[PDB]
């Protein structure tokens, strides 16, 4: 069962960087984390999921979070799962993502935001990215 659950570095400047060797971070049976992307070890069905958390103090920003599939043969980047929030006293806006996908060996997976300056990396729990082979 290839699985992987990576979390964001709280020790990172203006960047969304996925760690595996953090507290509570599986990454088993061959799921590489290279170039900040999960590399799919074998072809099949996978549950792919994510969450990020934004915060700010008062307020025109749009916050986007997006998971993509970089195909191993084709080679371009396609949105798999994506959402947008409009945050307009401190505020907190998470974005949830997840679903099931047929993936190929070698495909890469991105989990990215557009405004890492509003990212809340204060602990863990709710800024994560992962895949689970079914």
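Residue numbers count along the first chain shown, from 1. Throughout, rigid core stands for the largest set of C-alpha atoms superposing within 1.5 Å between the two forms.
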Subject >> Divergent stretch in 5 other deposited structures of this protein, 65-73 or 44-52 [C-alpha RMS, superposed by the core] >> reply: 65-73
Original post:
Superpose by the rigid core: which stretch, 112-120 or 13-21, shows more Cα shift in 5 other deposited structures of this protein?
Top reply: 13-21
**OP:** Please count the deposited residues lying between residue 59 and residue 60 that the model leaves without coordinates, and give the class: none, 1 to 3, 4 to 9, or 10 or more.
**Re:** 1 to 3
Original post:
Does the deposited sequence hold unmodelled residues between residue 88 and residue 89, and if so, how many: none, 1 to 3, 4 to 9, or 10 or more?
Top reply: 10 or more
**OP:** Look over 49-57 and 72-80 in the entry and identify the one with the greater average Cα temperature factor.
**Re:** 72-80
Subject >> Average Cα temperature factor in the PDB entry - higher stretch of 113-121, 6-14 >> reply: 6-14
Original post:
Looking at 106, 98, 30, 94, which has the biggest Cα B factor in the entry?
Top reply: 30
Original post:
When you compare the CA B-factors of 67, 26, 63, 38 as listed in the entry, which one comes out on top?
Top reply: 26
